[PDB]
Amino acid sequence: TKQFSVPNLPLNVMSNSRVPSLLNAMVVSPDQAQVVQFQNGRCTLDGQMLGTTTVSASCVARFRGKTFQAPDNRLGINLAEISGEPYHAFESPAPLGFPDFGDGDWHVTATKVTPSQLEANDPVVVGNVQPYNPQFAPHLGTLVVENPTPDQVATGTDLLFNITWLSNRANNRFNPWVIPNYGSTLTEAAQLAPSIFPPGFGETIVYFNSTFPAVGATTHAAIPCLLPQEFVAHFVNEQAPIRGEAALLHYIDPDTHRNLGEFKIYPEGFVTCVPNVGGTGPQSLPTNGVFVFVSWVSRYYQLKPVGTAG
């Protein structure tokens, strides 16, 4: 009897579910239909998180671990959960909130997190992680920070990492759709979030974009996700049972209360629309509108085209 709903927050005050950044656009990208299989920002409408998705905004694209010495003054990290609690293999693709970009270097800023180690001195370690590296092994709980500054960190130092920025590999552009390779030890419990395939009825997936310091990107500094983090947090909180084949949303201009566009959000946890032919679809709408639940609908409910025709 718990009815379903979405947070009624304006889009442009909601946040990405794959980087800790404000949302400032929504787009569609039908043509370049490469695999859609993000591991963060994944949640069912009844509030089950998938892949590495956490409910915790402050964990999105953060990783934590203890240091050990690797060959050639590389700084090995034994991952734990950001909460500090241990990370064990064979249960999830990677720790909760672990970043899901596989196509470029991560330039990272870490601090120490042990209170005893925080009463004096500089707590910062900086470096970069290469998800294409052979020693990148997040499912089994270990990765390698190339080029650490400082060059020598004591073993067993507890470090919390942020992604300061992302950069392309040499002579490629950084594709933020591409998820990492988590390892080859994939148990059924630890399975990746499934890929999402195009929905039919002339619908196309809607991505919520963020401007983010992603250098040399295929998208010009824009990180897409399928769900605002606030939606994830909302579904996990509400646990509203699924009572239909999809959920029709209206994107409302909040003051004038007029309908700016029709969307469907599917039980698997992704949004779609029908773009007005030959136009940008939802991207031309004001980013200060609000999403409201209208009703459950069937998969074949036909959406009115959204946007202008170019």
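Don't overthink the numbering: it's just position in the shown sequence, from 1.
Of the two stretches examined, 121-129 and 166-174, the record assigns the greater average C-alpha temperature factor to 166-174. The question of which stretch, 31-39 or 259-267, has the higher mean Cα B factor is settled in favour of 31-39. Residue-level inspection of the entry shows that, of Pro86, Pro99, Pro198, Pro228, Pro198 has the top Cα B-factor. In this structure the maximum Cα B-factor among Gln191, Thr142, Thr109, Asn209 is found at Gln191. Sort the chain's modelled residues by C-alpha temperature factor and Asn8 lands in the middle third, per the entry. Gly278: CA B factor in the highest third of modelled residues in this chain (values from the PDB entry). Per the deposited record, the Cα B-factor of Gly244 falls in the lowest third when ranked against the other modelled residues of its chain. The deposited CA B-factor of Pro95 belongs to the lowest third of values across its chain. When the CA B factors of the chain's modelled residues are split into thirds, the value for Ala70 lands in the highest one.
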